[PDB]
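Within every chain, numbering begins at 1; the chains are lettered A, B, ... in the order of the sequence lines, protein sequences first and strands thereafter. We count ligands from 1, going down the list as the structure has it; atoms in each ligand are counted the same way.
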Amino acid sequence: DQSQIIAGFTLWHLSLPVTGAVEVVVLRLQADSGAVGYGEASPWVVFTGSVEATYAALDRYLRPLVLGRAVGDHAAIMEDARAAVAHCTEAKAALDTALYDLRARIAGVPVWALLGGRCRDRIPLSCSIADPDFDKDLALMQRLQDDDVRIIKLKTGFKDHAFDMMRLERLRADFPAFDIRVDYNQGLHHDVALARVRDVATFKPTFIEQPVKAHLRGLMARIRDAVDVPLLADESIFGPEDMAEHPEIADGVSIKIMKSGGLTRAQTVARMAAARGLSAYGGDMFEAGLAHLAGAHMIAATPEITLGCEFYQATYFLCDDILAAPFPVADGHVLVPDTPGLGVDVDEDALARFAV
Amino acid sequence: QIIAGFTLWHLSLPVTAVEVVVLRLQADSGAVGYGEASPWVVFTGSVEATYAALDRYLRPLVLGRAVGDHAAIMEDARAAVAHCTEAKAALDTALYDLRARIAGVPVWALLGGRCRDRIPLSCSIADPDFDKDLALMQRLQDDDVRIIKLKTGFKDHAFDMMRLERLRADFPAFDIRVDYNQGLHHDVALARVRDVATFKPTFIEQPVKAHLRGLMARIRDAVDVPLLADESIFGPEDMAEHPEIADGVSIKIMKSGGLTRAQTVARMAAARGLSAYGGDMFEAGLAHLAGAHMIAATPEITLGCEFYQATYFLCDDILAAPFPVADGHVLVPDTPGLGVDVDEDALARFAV
Amino acid sequence: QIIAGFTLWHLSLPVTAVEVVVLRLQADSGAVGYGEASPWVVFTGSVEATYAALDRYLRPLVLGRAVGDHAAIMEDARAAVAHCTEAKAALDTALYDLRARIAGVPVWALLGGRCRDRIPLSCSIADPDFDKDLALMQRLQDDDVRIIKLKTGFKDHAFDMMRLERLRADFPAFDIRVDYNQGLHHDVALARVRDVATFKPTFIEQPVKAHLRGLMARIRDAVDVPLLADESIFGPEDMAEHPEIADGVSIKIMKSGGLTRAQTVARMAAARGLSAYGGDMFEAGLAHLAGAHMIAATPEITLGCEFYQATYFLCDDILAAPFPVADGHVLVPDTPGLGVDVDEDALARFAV
Amino acid sequence: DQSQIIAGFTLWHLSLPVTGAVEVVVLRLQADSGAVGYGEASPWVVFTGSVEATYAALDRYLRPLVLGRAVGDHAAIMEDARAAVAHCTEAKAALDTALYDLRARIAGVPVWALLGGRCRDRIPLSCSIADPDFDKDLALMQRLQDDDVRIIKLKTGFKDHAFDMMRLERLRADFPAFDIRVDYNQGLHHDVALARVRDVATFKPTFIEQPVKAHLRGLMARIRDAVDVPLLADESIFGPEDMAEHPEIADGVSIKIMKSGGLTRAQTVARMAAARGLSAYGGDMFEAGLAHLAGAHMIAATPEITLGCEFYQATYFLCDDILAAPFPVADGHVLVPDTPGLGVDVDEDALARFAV
Ligand SMILES: [K+]
Ligand SMILES: [K+]
Ligand SMILES: [K+]
Ligand SMILES: [K+]
Ligand SMILES: [Mg+2]
Ligand SMILES: [Mg+2]
Ligand SMILES: [Mg+2]
Ligand SMILES: [Mg+2]
């Protein structure tokens, strides 16, 4: 049964409205038996690559390498997948996710059971605070507080520095029970980055994420050493190779299956970080509930990821998701399913509704 | 469902004796999984240390746990008892075997799926009577085995140089590696490594004591032939701490404390262009199968494996059918669990 | 004056097929400029990624801009879309071609003026049938070409060593370089590089995967023959980050994302005594001309160029007259723009 | 037309009175067609070399390498120029400037169009505050404020430390809207440099420039790491070779065509700095409007230079300039011309009036 072939390979390019729209690609794999598995690719054109690049990677270059293969050859399929097309880590993540979802459903086990088993069944949730209209986010904070969410990440550097400092002050004043992180999304020019980081460090955020452009890894290392607050690398480190090459550039790493090109490789990044005493955090892209579930299963199997996750978009940002039931969140945590595969069905009618 | 039973055997296994410890785990449903710990007292620690790790300290953290909590159980296991990586490997192996059998999948399906169904086999050449080993070689050659690892530095340097010349002369189709097992004193290690390197072995493994990692790094940089670390690197933490001491690493589940961690060492090595080889201890077939499933799911381990003891060294194994080898390769099973039944009668027979 | 038009062709070009994307930019006045993107899916990214970069993401940042704002446009282009350095090179090339034609100057007059009017040419030797390549060599020798780059590591090591010995024997007047295209596994890379170094190629290019830069640095320091980085270094940021991984760099506009940035890589290399070579991808004559004008204005690129595909590899090119080569050199034009007309009929003919 | 020869090579050694005098050398190149281009060399004897060295470099050693060459061979002329005479980067800059001005005027394009095109058409201006009579500079500050200049650089270390601290205090008090930088011009002895730098850092200047002697690059690196305020290298880094050799000695670099030996090389220094996250600033020497225009065109084509420029001398320091019209400044910015060549004509009658 482990040599049953992959007989179907189907793509949807979606546009999903948000409270704007975000574009993702969904992959379904179908085995010889008729069993199916799904994966999501969630690109950001300025950071990981375009949606068109990811679609083409799947449609033209991965498809002929996947169709007709033995589904048990998952590990060899993914080595071939990495060799076949440069970049498109999001596309690779979709493939890895669909292969895990498929083999898990065939076996009748949850995806985490294929990643080493479970160390946790809940994962603390962080919501991002990113609105240029801060009164709208103050409204959101009331809802988060009532929902028992107790972590947020302030997106900083996109308006001006006074806007960042104003929001940090007000959130610390009005919402002291919250654990607050900061994410610059590569948004500080090297002229001002250290000074701005030192200023926001005065509010003692749990971490400050990726202040400078991804390639400025030497400057990241300098900022790490200059400031007491933990520095987190995001766009500076995609996968194990980057982690190996740049061991000392930050105090921790944001783990995203869309950067690492899948679930197995995300685990490897987090294990490499932990082995030297670097923190690991469950980051995400502009994703839907399918990609969220993939990340949640990965985190459930990875004790090294201890800083929570930001799988908030399906619950708080997307007008409608693509799952058949609500992405599972209660009491400020993601609830990791224990039913087969990713644990919540993909709604193909929603795939059809949102297809471009 | 919960782990309802936890059973240990301390075995003594005659050879052509080695002591191992076998663990059986039993779920609520009656399903079972097995693992083997294979300690070497001078290297990984005593068999008594390993037995006590399992019997006293791990037993209570494992009995009554949900089998699905495998990852948490192993975190707890690492925190519960220092060393005894062999014990921890036995537990990891049993947990994978048990979960794979409950699910009806081979253990490699729990480790990422498969990248290879066959692994090239190496047999060790370590007899003080070299004529016997020359007989062994003919059998290896008839068996289509095409890799050997010469154990060096236990007699004298002339004995090692003699054997290398003879083997290159009379068996030129063999891929030859060298393993010193920490046996060269620092006074002479560089000189002797340079001498054996003239036979271009594929690698030279662990010339000096495990803790002499600065010297390992010097030997790495002095000689063109790849240097392989063994005892100097156990798990991911050692790999993270000592990134440049060698050109590659011997991956052993008994050093890494399990299957998952062994994968992580190989991946960490590969990420920087260091090689990975499927090493082993004085193990029986149960251990061999655990290592075989690990290698089957780990593309980074490209240098073969040395799972030769169940075939050429043990009088009798503890599996119900032979450990699967043919045409000089280990044949990775695709049936459920580790893929060959453990023979509980063989367990009773060889229990101390 | 403003950029009033932005047009793309996705081409498939038969070879003795490769896909490229051509961009035409059109100013208010009707003046036009062209650029080529030549992607390699395993190396720089897909042709689809490049087409989308231009069609969706760059088009709106370019249409309606003042042509004189070239430097700002390219800043915006780099910020707008990750990767797709081939797309960005096509845009840079079109912007230079258009501005040079508006001004009535060759593109090299926009890049610092000229330091050379001729560039030594290298042709690649990459046929699995070596007898065919031995025929190709006679033609190269009759054409006064005196540099070749042997593509290695795609068959086996004996095939590479065989070809080197034969070429040194039968064609001793040729400057021979070697290119592995990331093709040596880390298990064997040092050994094989050392072996091919015995033929003293002028350089050995990119033996290992692009990300294995620590290993590149080790190979650099282990072997006397110059090591050339290709895929390991794309633009100035990579050059700044990895200063000591090689003895020199292959400069390609399709990696650097343009003409200016390619100059900057060469200058950064030269400042510390690293060499620079005029590399290329599977390009047509438009790309060749962009690279040729770049090299003409960049004294630091002293190792020749490999703009051989339009002459010896493509069945038909997309220029209205032949890409200019004579006496084993590229002949840098001094007429306006890139210096040879793009044939829009050839564009229509080969569009997918 | 690109092979038309350089047929004329003419030098003037000027002395230009200032609110003292400054000595510069002007070069005019004349092509076969009669078109002309001009460049300026602006030496400082203690820093870059004497005016006599620069004059001789042009008159005896560069002249025979330039006369009769094809003007299109600009890049080869400048390689030959660098090989021909040691030092005299100012002389080399004059030659590079005149070649660009000449080819630009022949082509009918502005100089920046020969340097990659334009990224900005205005450049924020900084004026230096360097008078031993501080009341005179307080007068100047009223004029700067009314002129909408909002950057100054305080020259420090030439009187005593209390004088520096007094001026910083008063400027921060009376002119809070100004961005203030500090420049020591190599003026701190190594015995006291760190302590003095730490003291002036308390006023949070945007950068502190070259506290110690140029060769003390190890001590510069120590000062960089000891103080939060950005350290700028000036005399420690001339061109790309220095930049390559000394990558970590400061947080940024002052780019001056008179150090880099021309416009192309200045751009290369700024691109090398930016590639690793080091700042770049448009510095100058005691220059006239010709050299200012050269630097302004260079900066217009170089997005990496983001800290402004100090092309203030033609407007605020020289009693009379050598251009046919006022060096273009409005609203606190240099206005980069878009007409051919450097964009403002050189007044040869002014060359004659000021010749020694
Ligand atoms: K820190
Ligand atoms: K070695
Ligand atoms: K070398
Ligand atoms: K500093
Ligand atoms: Mg982030
Ligand atoms: Mg060993
Ligand atoms: Mg190449
Ligand atoms: Mg200065």
* To do: Provide the atom name of the closest N, O or S atom of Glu209(D) relative to the Mg ion (ligand 8).
  => OE2
* If you measure only the distance, is there a donor-acceptor pair under 3.5 Å linking the side chains of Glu86(B) and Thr44(B)? -> yes
* Of all N/O/S atoms in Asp247(C), which lies nearest to the K ion (ligand 3)? -> OD2
* To do: Check whether any N, O or S atom of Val225(C), backbone or side chain, sits closer than 3.4 Å to the K ion (ligand 3).
  => yes
* Asked: Do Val193(C) and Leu184(C) have side chains that get closer than 4.5 Å, going by heavy atoms?
  -> yes
* Asked: Considering only heavy atoms from C-beta outward, does the side chain of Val225(C) approach that of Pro201(C) to under 4.5 Å?
  -> yes
* Within less than 3.4 Å of the K ion (ligand 3), any N, O or S from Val223(C)? -> yes
* Measuring to the K ion (ligand 3), does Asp221(C) have an N/O/S atom at a distance below 3.4 Å? -> no
* Asked: Can you check salt bridge (charged side-chain N to carboxylate O under 4.0 Å, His left out) on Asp183(D) and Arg181(D), steps first, answer last?
  -> CA-CA 7 Å; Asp183(D) 186 7; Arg181(D) 295 80 178 276; over 6 Å; no
* Where the side chain of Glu235(D) meets the backbone of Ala214(D), is there a donor-acceptor pair that is under 3.5 Å apart? -> no
* To the nearest 10°, how many degrees is the angle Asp234(D) OD2 to the Mg ion (ligand 8) to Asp183(D) OD2? -> 180°
* To do: Please find out if the Mg ion (ligand 6) and some N, O or S atom of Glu231(B) are separated by less than 2.8 Å.
  => no
* Near the K ion (ligand 3), is there an N/O/S atom from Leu227(C) that is less than 3.4 Å away? -> no
* To do: Indicate whether the side chain of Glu306(B) and that of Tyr277(B) have a donor and an acceptor atom separated by less than 3.5 Å.
  => yes
